[PDB]
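K.L.:
please find the sequence and an experimentally derived structure below.
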Amino acid sequence: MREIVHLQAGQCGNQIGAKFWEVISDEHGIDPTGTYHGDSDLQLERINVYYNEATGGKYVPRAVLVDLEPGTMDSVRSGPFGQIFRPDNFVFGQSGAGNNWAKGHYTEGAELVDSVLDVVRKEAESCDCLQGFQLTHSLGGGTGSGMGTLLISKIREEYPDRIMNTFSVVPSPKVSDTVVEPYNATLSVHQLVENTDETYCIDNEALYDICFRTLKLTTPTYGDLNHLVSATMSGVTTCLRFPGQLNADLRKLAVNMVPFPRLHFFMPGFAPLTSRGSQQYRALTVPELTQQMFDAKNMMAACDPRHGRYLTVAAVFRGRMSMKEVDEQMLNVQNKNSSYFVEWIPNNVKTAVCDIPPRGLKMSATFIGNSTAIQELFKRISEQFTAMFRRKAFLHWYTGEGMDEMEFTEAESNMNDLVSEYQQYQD
Amino acid sequence: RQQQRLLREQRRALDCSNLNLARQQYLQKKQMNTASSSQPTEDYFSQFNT
Ligand SMILES: Nc1nc2c(ncn2[C@@H]2O[C@H](COP(=O)(O)OP(=O)(O)OP(=O)(O)O)[C@@H](O)[C@H]2O)c(=O)[nH]1
């Protein structure tokens, strides 16, 4: 049987996986202590895709936690579900980050890659057959990119036959806090496109805008933001864990989503987001779901695909619906904007219907998108990289670590080579 | 003439059954009707407070 092992990297990913995991435990109805309370037969059955069974009916999460700063681990261990996570799975380092990409990629990783590889292969041999792996981290995250780029390279030759899902957050376009962050992102993405097959793009500014749009609660918590993305990541994973005539496996989806090899960056899309009075002012119907499902405001990933065109679109539907409403709704959407799709590929819509609703609503869905709206992102970072690399600011650290501008040359070039590739297909 | 009587007896009897039948799927389609629309609960509002 085919299962998944998760990887939790970077200090954001440390917050990402925590909320990501507790949702699943609450979804399957396990107590914080770990004693599962048998209530749903189906979730009792297909929990082995992610969790192993340990004694006393406790379901050990099959994730590995990695970092350098103990305070983050002490916090997450002290959380409501830190007891469910294994001290076996808490691998870390004795060093502070400096949030330097090179140190986590050349210096600190070297004496930690050995330990983490043993842990995962112990977990890999603990399981029977894998679809692959998924990673929670950030591309702009100083240390998470340090482990991520290294480990994905190592796991490539280790298991080049599995699903190497990646989940990273794009930093805020308006401000990056970290000033060497554009260096770190450019460094990471070069190996990312070289290595990964799947990548989710996430940005906080839209999340703040969504909070201003539907959450209408002034001051949220970053964990609430983590809940939103975890809800999305839950939705895409509800395919595998749940029955119903939907085709769930990722490369059943992936071959449907990617036209050409270097297309790994994909954008999410989610289903009803509702405000305080609209819960009792909304007639929850697939049309208004579909309308809301395809909203530029419902977008949250990077920026509006209104500026570009739509290469491939896939909406997975979770709940008690039928073939015809999604059949007519898709027929509705193509007739609305036929030109906004590329003439290159017609019928670029791929739909899945999960019949197992979430715990509280039935009419639900999720969207994964590949449009021509990523250009602005790295085009932005292009001026960032060129301007700072114009006068090599903050560079003596990397040379002190042992890094050269030569690595930067092909890194941006490979990035720029991707830019020409996106546009020349779509234009 | 007896056969003619039997034929219409069959026709009426079948007509008795289908009218009996016709009533249930009307109930059944109503069962279908109020089984799709959804409403979110407070379980979707508490977690965002944390
Ligand atoms: N945990 C957490 N991370 C955040 C938050 N907001 C933005 N981030 C960013 O998410 C990035 C990913 O974290 P990591 O990959 O663990 O970062 P790192 O490698 O230790 O390097 P740093 O940037 O110094 O943290 C960080 O660099 C932060 O800049 C937040 O609210 N919580």
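P.N.:
Noted; the coordinates are in hand. Numbering: from 1, shown residues only, chains lettered A, B, ... in the order given.
K.L.:
ok, the nearest residue to residue A:333 once chain neighbours are set aside to residue B:44 distance?
P.N.:
Leaving aside its sequence neighbours, residue A:333 sits nearest to residue A:294 (CB to CB, 6 or more residues apart in numbering or on different chains; 6.2 Å). Just so you know, the C-beta spots here come from the backbone N, C-alpha and C atoms, and that holds for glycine as well. To residue B:44, residue A:294 is 22 Å away according to CB to CB, to the nearest Å.
K.L.:
between those two, which has more neighbouring residues?
P.N.:
residue A:294 (20 against 16; other CB atoms under 10 Å in any protein chain shown).
K.L.:
in the stretch 151-300 of chain A, what residue is nearest the ligand?
P.N.:
residue A:222 (3.6 Å; CB to the nearest ligand atom).
K.L.:
any idea how many residues pack against the nearest residue to that residue once chain neighbours are set aside?
P.N.:
If the residues on either side of it in the chain are set aside, residue A:222 comes closest to residue A:15, at 6.9 Å by CB to CB, 6+ apart. For residue A:15, the tally of surrounding residues (other CB under 10 Å) stands at 19.
K.L.:
list the contacts of residue A:15.
P.N.:
Contacts here follow CB atoms under 8 Å, 6 or more residues apart in numbering or on different chains; on that basis residue A:15 touches A:76, A:222-223, A:226.
K.L.:
top of the residues you listed by neighbour count?
P.N.:
That'd be residue A:226 among the contacts of residue A:15, by other CB under 10 Å, with 24 neighbours.
K.L.:
so it makes contact with residue A:14?
P.N.:
No - contact criterion CB atoms under 8 Å: residue A:226 and residue A:14 do not qualify, at 10.4 Å.
K.L.:
with just CA atoms, put stretch A:300-312 into CSV.
P.N.:
Backbone C-alpha positions of stretch A:300-312 (Å, rounded to 0.1, in the frame of the first residue of the first chain) are rendered in CSV as follows:
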residue,chain,number,x,y,z
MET,A,300,-4.5,33.9,-2.6
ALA,A,301,-1.2,32.7,-4.1
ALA,A,302,0.8,35.4,-5.8
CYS,A,303,-1.1,37.9,-7.9
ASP,A,304,-4.1,38.0,-10.2
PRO,A,305,-4.0,35.7,-13.3
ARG,A,306,-6.2,38.5,-14.8
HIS,A,307,-2.8,39.8,-16.0
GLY,A,308,-2.0,36.5,-17.8
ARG,A,309,-3.6,33.4,-19.3
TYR,A,310,-4.6,30.0,-17.9
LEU,A,311,-2.4,27.0,-18.8
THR,A,312,-4.0,24.2,-16.7
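K.L.:
so it, near chain B or not?
P.N.:
No - residues of stretch A:300-312 are not located near chain B by CB under 8 Å from any CB of the partner chain, the shortest gap being 15.6 Å.
K.L.:
list the buried ones in that stretch?
P.N.:
Buried residues in stretch A:300-312, defined by neighbour count with 16 or more other CB atoms under 10 Å in any protein chain shown: A:300-303, A:305, A:308-312.
K.L.:
could you point out the longest helix of the chain?
P.N.:
All of this is about chain A. Assignment by DSSP state H gives helix A:405-426 as the longest helix of chain A.
K.L.:
sorry, I should have been clearer: chain B.
P.N.:
As assigned by DSSP H, the longest helix anywhere in chain B is helix B:2-33.
K.L.:
doesn't residue A:134 lie inside a strand?
P.N.:
Yes - judged by DSSP: H, G, I helix; E, B strand; the rest coil, residue A:134 forms part of a strand.
K.L.:
that one contacts residue A:6, doesn't it?
P.N.:
Yes - look at residue A:134 against residue A:6 with CB under 8 Å: they come within range, at 5.6 Å.
K.L.:
these two - which one has more neighbours?
P.N.:
Remark: of residue A:134 and residue A:6, residue A:134 carries more neighbours, 24 against 21, as counted by other CB under 10 Å.
K.L.:
the nearest residue to that one once chain neighbours are set aside and chain B, how far apart?
P.N.:
The spatially closest residue to residue A:134, leaving aside those adjacent along the chain, is residue A:165, at 3.7 Å (CB to CB, 6+ apart). Distance, residue A:165 to chain B, by CB to the nearest CB, to the nearest Å: 25 Å.
K.L.:
for residue A:165, grab phi and psi.
P.N.:
Here is the backbone geometry of residue A:165 (degrees, to the nearest 10): phi -60, psi 140.
K.L.:
now swap in residue A:6 and tell me
P.N.:
phi -100, psi 150.
K.L.:
so what's it closest to, chain neighbours aside?
P.N.:
residue A:63 (3.9 Å).
K.L.:
check contacts around the one you found.
P.N.:
Neighbouring residues of residue A:63 by CB under 8 Å, 6+ apart: A:5-8, A:17, A:21, A:85, A:89.
K.L.:
in helices only, show me those.
P.N.:
A:17, A:21.
K.L.:
point to the residue nearest the middle of the chain.
P.N.:
I'll assume chain A. Nearest residue to the geometric centre of chain A (CA atoms, centre = their mean): residue A:167, 2.6 Å.
K.L.:
um, chain B though
P.N.:
residue B:28 (2.0 Å).
K.L.:
against residue B:22, how distant is that one?
P.N.:
From residue B:28 to residue B:22 the distance is 11 Å (CB to CB).
K.L.:
residue B:12 now?
P.N.:
15 Å.
K.L.:
smallest gap between chain B and the ligand, at which residue?
P.N.:
residue B:50 (15.0 Å).
K.L.:
does that residue touch residue A:220 like I think?
P.N.:
No - checked against CB under 8 Å, the pair residue B:50 and residue A:220 is beyond contact range at 10.8 Å.
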